[PDB]
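Data block below; observations after.
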Amino acid sequence: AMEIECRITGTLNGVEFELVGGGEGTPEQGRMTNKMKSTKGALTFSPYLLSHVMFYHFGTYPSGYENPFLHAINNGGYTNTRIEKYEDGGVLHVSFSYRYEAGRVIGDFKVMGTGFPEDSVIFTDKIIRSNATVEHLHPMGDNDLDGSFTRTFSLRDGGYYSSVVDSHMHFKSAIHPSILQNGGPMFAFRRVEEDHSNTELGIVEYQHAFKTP
Amino acid sequence: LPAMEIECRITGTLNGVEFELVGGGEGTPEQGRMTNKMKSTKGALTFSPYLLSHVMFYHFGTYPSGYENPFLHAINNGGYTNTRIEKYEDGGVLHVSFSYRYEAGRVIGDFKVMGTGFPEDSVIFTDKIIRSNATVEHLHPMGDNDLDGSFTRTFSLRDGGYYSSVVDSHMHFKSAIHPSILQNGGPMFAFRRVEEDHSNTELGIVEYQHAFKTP
Amino acid sequence: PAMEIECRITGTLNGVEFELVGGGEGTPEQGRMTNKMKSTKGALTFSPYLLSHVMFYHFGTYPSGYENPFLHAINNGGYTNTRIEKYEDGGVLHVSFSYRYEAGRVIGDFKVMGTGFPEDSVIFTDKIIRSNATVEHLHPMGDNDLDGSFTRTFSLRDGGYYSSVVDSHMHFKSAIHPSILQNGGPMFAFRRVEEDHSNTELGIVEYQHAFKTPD
Amino acid sequence: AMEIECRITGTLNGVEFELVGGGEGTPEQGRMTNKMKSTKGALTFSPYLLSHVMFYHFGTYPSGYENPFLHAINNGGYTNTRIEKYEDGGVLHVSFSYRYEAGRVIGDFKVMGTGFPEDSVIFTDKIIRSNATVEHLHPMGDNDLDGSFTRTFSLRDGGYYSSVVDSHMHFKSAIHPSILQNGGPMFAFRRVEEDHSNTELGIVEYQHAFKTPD
């Protein structure tokens with residue numbers, strides 16, 4: 001395994017939040033865990049909104065391809081910035097930065113959430129889980145990948161709440177050549193198992209990349 | 001079982017210029033396979049024929065154990081329409097509507113394209129595009145009669161670049177969507193890839209479609 | 001100084017075919033026009049307000065120094081407009097506008113495809129009470145194309161808003177009037193409609209005022 | 001006048017930047033000025049990208065309306081957050097916050113810019129000016145305004161570089177009732193004069209809101 005340390009700080013419609021935590025993961029298994037505690041009270045919004053913010057290092061890649069997030073550990077790393085747009089008009093801006101120790105990844109992530117209306121499902125208990133996603137990944141030259149995915153939550157209703165996520169991963173050194181020399185996209189299937197309250201949050205996440213299913 | 005006949009007509013305008021293709025092929029849903037070769041009736045196309053590969057039948061897709069192709073299922077009960085809005089990174093938009101007609105072992109697409117807003121310097125008026133890359137669409141039901149889809153779609157360019165688009169789709173069903181799809185916990189994913197053999201009068205694809213919950 | 005207006009609108013809204021015919025008159029120099037149109041298929045299955053902005057950019061004032069490019073196009077092969085409108089509940093309206101001219105008369109034939117409006121959409125209720133005003137940002141895409149974009153709202157009976165984003169593509173047969181092209185910087189087009197609508201009978205009065213700076 | 005102090009911090013495509021300075025302006029006139037210097041050497045991108053980050057307080061409103069941004073100065077103020085999408089795929093996320101003093105508004109502004117490709121116009125000297133814009137503003141209940149505008153730059157060759165800008169303004173106290181009770185949008189016309197080098201940036205800006213243009 002590898003050890004994970006995680007801190008998440010930001011504001012949602014102006015309200016400050018912070019979570020602190022960690023877990024473990026096993027990249028050859030594409031599995032990781034992260035359990036985290038709010039250090040400033042009950043969160044003011046559904047904690048399910050943060051499962052996807054609580055480490056692409058832990059994803060399996062298909063035979064022939066190296067996880068370029070993993071491969072970046074010993075060569076200056078990478079950052080990821082996501083703009084997320086929710087169907088009710090709210091916007092989540094997320095920055096991900098990482099530090100590595102022999103045997104550990106530490107992430108420091110910043111969130112800025114603005115524009116969720118007062119009647120937003122994020123201010124209810126309506127969200128019962130985050131659903132699986134497949135991200136489309138392709139290079140933009142040798143140091144950058146561009147990501148896009150749709151992402152939904154299941155509501156008590158039946159019924160779904162949706163968003164669109166666009167991401168930009170900037171790499172210090174050249175992306176692993178298996179990724180660059182590929183010439184079509186790579187797809188990243190992700191799902192979470194979430195066990196949340198309003199002040200303690202936990203995920204198990206599975207990440208499996210593929211060219212074809 | 002086997003091998004359904006496909007007929008296809010594509011008409012439309014791209015930046016004002018009327019175009020029209022006709023042709024068809026065949027396909028095997030159990031394999032997730034279809035073919036379609038089509039010819040221009042109005043002379044050479046003014047833009048890359050790769051732009052029409054994904055307009056040249058979601059009936060021809062495999063679905064995992066336990067689930068049925070809802071597009072397939074609809075054939076025998078009121079059917080479905082699909083309308084795509086595709087926004088190209090240089091500002092071009094294609095609006096595409098698919099309508100279908102059904103005969104014994106035969107499926108007939110009549111599709112309308114309105115492309116607008118593409119800049120004179122667009123890659124689509126060059127020969128830069130050399131194939132369409134694979135995609136995975138996120139599909140989720142909207143109530144009982146509708147599926148919403150979204151996917152990012154890229155073309156590879158001669159120089160090693162990419163030309164990209166975002167497609168948003170809305171599928172409306174005349175009868176209820178097959179219960180295997182409605183009872184699902186979350187989205188279904190639809191992986192599609194094409195093999196293209198194009199000129200700008202004489203276009204052909206082979207398409208593979210494989211839906212899954214998990215890869 | 002008033003041209004006669006004739007108008008047909010045909011389309012579908014989530015599958016359902018609708019058709020309106022009618023007309024009015026307008027005076028460019030005032031930036032004013034009227035249009036009254038009646039459904040040919042009994043009551044509409046959606047808010048009539050949805051059609052107000054489909055119910056003639058010719059009838060717009062332009063500042064001194066400038067000529068209305070729509071009005072200028074009349075005698076030089078004309079223009080088309082295609083708008084892609086994306087409503088905040090996911091509905092999409094794609095509208096195409098084409099024009100015929102005779103002396104003192106413009107004849108419009110308009111095509112609408114609205115898709116993806118959820119069954120809980122405000123457009124299936126009576127809550128929309130009026131469209132609100134807009135300012136479109138317009139700039140040349142080259143010598144024969146205009147790109148427009150605006151935000152549009154309706155007011156809802158209870159005090160809310162239902163919003164959309166409209167992106168428009170105006171393609172001209174001949175060069176755009178030089179004053180708009182030699183501009184460099186956008187032009188802005190303020191529009192407001194007043195509506196007097198039933199579910200079968202629609203009527204508008206519209207004011208259009210283009211500007212580079214507001215007073 | 002009021003005096004204007006301002007700080008801008010952010011990163012563009014990973015590169016940290018900072019500017020400090022200020023200027024002044026006259027809300028009755030809808031005019032303000034702001035001159036800023038980089039405190040980490042030359043910018044790595046066109047300084048034109050920053051003119052619209054370099055104070056909605058300095059905008060006129062039509063008779064029978066009051067500037068709700070200026071009204072907010074005593075009753076707890078507002079923030080503004082904008083997402084800006086450039087046509088080449090770059091994104092600017094900008095947060096605006098303020099503090100007040102007697103005859104002074106003090107802005108502190110955070111920009112994060114990502115995903116501008118290596119071939120983007122922002123890495124050239126093609127931009128020659130920011131063009132005029134008209135923002136559509138309307139309320140989301142009593143303490144929120146929603147903004148949207150399209151924004152272009154003119155390029156040396158005669159082309160344009162564009163972006164679409166979505167803004168969210170949150171008010172601590174209810175918006176001015178002249179705005180809340182409009183029952184339509186208010187439109188905000190804005191235009192800029194710019195004289196920038198890669199280290200020293202300066203604009204003049206005018207802002208005039210209106211219900212109808214005439």
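Using θ = phi - 60° in the Karplus curve 6.51 cos²θ - 1.76 cosθ + 1.60, the 3J(HN,Hα) couplings for the range B:29-40 round to x, 3, 7, x, 10, 8, 10, 6, 10, 9, 10, 5 Hz; x is entered for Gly and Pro.
The DSSP beta bridges internal to chain C are antiparallel in roughly 90% of cases.
Can you sort D:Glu3, C:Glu195 by how many other beta carbons sit within 10 Å, fewest first?
If I rank by nearby Cβ atoms, fewest first, I get D:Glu3, C:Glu195.
Going by neighbour counts of Cβ atoms within 10 Å, the residues D:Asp214, A:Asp146 line up, fewest first, as D:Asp214, A:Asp146. Dividing the summed helix terms, -39500 (n - 2.57) for each DSSP H run of n ≥ 4, by the number of residues in chain C produces a 222 nm estimate of -500 deg cm²/dmol to the nearest 500. In order along the range B:98-112, phi translates into HN-Hα couplings of 10, 10, 10, 9, 10, 10, 3, x, 8, 10, 10, x, 10, 10, 10 Hz, rounded to whole numbers, per the Karplus curve 6.51 cos²θ - 1.76 cosθ + 1.60 with θ = phi - 60° and x for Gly and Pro. Under a 5 Å amide H cut-off, with hydrogens placed 1.01 Å from N, A:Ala209 pairs with A:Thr60, A:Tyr61, A:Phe189 among residues at least 5 apart or on other chains. Measuring between their Cα centroids, the range A:38-82 and the range C:1-65 lie 52 Å from each other.
With the charge dipole of chain B set up from +1 on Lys and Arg Cβ and -1 on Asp and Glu Cβ about the Cα centre, the Cα lying farthest toward the positive end among the listed residues B:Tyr162, B:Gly185, B:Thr11 is that of B:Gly185.
Ranking A:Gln29, A:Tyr48, A:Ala1 by how far each Cα lies toward the positive end of the dipole of the range A:1-54 (charges on Cβ) leaves A:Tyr48 at the top. Note on D:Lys126: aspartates and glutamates with a C-alpha under 12 Å away, same-chain residues under 8 apart excluded, are D:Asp157. Which of the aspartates and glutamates could be linked to D:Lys35 by a straight reach, that is with a Cα gap under 19 Å, when you skip same-chain ones fewer than 8 residues away? Within the straight-line limit of under 19 Å, D:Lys35 reaches these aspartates and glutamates: D:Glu3, D:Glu5, D:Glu18, D:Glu24, D:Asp108, D:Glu193, D:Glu194, D:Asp195, D:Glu200, D:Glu205. Shielding of peptide A:5-17 by partners, expressed as the average count of other chain Cβ atoms within 10 Å per residue Cβ, is 1.
Each 5 Å bin from zero holds the following percent of Cα-Cα pairs in chain B: 1, 7, 15, 20, 22, 17, 10, 6, 2, 0. Distances between placed amide hydrogens fall under 5 Å for D:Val134 paired with D:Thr150, all partners being 5 or more residues away or on another chain. Taken one residue at a time, the phi angles of the range A:149-166 give Karplus couplings (6.51, -1.76, 1.60, θ = phi - 60°) of 8, 7, 8, 10, 10, 8, 9, 3, 2, x, x, 9, 10, 10, 8, 10, 10, 10 Hz. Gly and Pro are set to x.
Per-residue Cβ neighbour counts within 10 Å put B:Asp148, D:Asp157 in the sequence D:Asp157, B:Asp148, beginning with the fewest.
Look at the stretch B:134-143: the mean tally of other chain Cβ atoms within 10 Å of its residues' Cβ atoms is 6.
The alpha carbon convex hull volume per residue for the range A:1-95 rounds to 124 Å³.
Annotation: the antiparallel percentage among DSSP beta bridges lying fully within the range D:17-106 is about 100. Over all Cα atoms in the range A:77-154, the spread is summed up by Rg and Dmax: 15.5, 46 Å. Restricting to Cα pairs below 8 Å that are 6+ residues apart, what does the relative contact order work out to for the range A:164-213? Please round to a whole percent. Computed value for the range A:164-213: 31 percent relative contact order.
Positions of Cβ are generated from backbone atoms using ideal geometry, with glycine treated the same way; all protein chains shown enter the neighbour counts. Where a number appears in this text, it was derived from the coordinates with a stated rule and is not lab data.
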